[PDB]
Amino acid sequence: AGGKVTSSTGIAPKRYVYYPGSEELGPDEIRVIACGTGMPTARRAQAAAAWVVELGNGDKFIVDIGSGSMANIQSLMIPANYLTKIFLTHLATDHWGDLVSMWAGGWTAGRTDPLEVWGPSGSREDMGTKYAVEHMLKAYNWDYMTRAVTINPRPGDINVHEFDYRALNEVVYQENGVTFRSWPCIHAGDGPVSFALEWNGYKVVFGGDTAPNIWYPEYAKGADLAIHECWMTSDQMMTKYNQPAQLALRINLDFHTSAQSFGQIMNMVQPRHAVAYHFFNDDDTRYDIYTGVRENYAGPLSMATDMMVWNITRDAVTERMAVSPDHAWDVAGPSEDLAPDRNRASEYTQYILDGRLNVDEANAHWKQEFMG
């Protein structure tokens, strides 16, 4: 497997797995990494929905940042300042639960710019992204104010770009030759959307969550990579949740996109490559889902799991698995020398500072050796 090796002292070229941080991205290439493929139910094997997209022009984007996905994003060896633009398909915990971990952890990892978040409105103010993010920053006010004593506060801002959820395939983002468009989903209540990213002749579709709809098959047509939800079978719903037969039937017809519906949709879209996600991807679940899709779609298909990677080029759409560090650390990139604001008041009182324990004796041995 992989490219042929030419030198004992050289590299293995065109490697059969993707080692994040090890590959230069070509000017006419896209890398997409599944940083979470799961559900609102937690599991180490699958974080909740998250996608990292890297373009050959140097721009990078996150599409969804569900609970648990930051451990996968942090394994990519990408400096924090390169991942400041986030797009949310909807305001479920499994699609933005880890925004707070990017916000706080990225600020500790030396991010010098504010985060920038694009997400949908709702039917009223308190159902949309601007309200959600305002209240998320209030929720973590203790952490904001205590960090801002010691670290310049500018990177702790989150600038929200709210867009109209109702718009049919309209632009929500345009910069540097990169466009994102949105169109609606049918999921739980008004607000959720799908995105299409367009850049340099490519189109990548991030379906988010939806029951089958008339918008995705039209607006996604001809995508280089098209992602859509694909549910566990009704039989598996009965096995794994002890659901009554008629509810397990409804889950796959009314609430979610069945494997067979996913296949009809992708047969309509005719992407270069389709991606099913948002199912538990296990030895006893994945084959009947794949069979369901294959009833109606014969084209190239990935059954997503965490750390699956797609390389999109003019000639190919290649699936690999990423092999990345579980013992991850932040990596440094370019940044400003951002100086703490001396004008900000201490968040300690003297009552707390008066409690310090004298540890001079126990630290003297290492302190002497380290200072010399």
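Residue indices: 1-based, along the sequence shown.
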Which is higher on mean Cα B factor in this entry, 333 to 341 or 31 to 39? 333 to 341
Between 172 to 180 and 227 to 235, which has the higher average C-alpha B-factor in the PDB entry? 227 to 235
Between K85, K221, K130, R272, which one tops the list for C-alpha B-factor in the PDB entry? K221
Looking at the C-alpha B-factor values in the deposited entry, which of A92, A71, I78, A245 comes out highest? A245
Lowest, middle or highest third: which one holds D64 when the chain's residues are ordered by CA B-factor from the entry? lowest
Lowest, middle or highest third: where is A139 by C-alpha B factor in its chain? lowest
Chain-wide C-alpha B factor ranking for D283, given as lowest, middle or highest third: highest
Binned into thirds over the chain's modelled residues, the C-alpha B-factor of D306 lands in the lowest
Ordered by C-alpha B-factor within the chain, which third holds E198? Give me lowest, middle or highest, please. middle
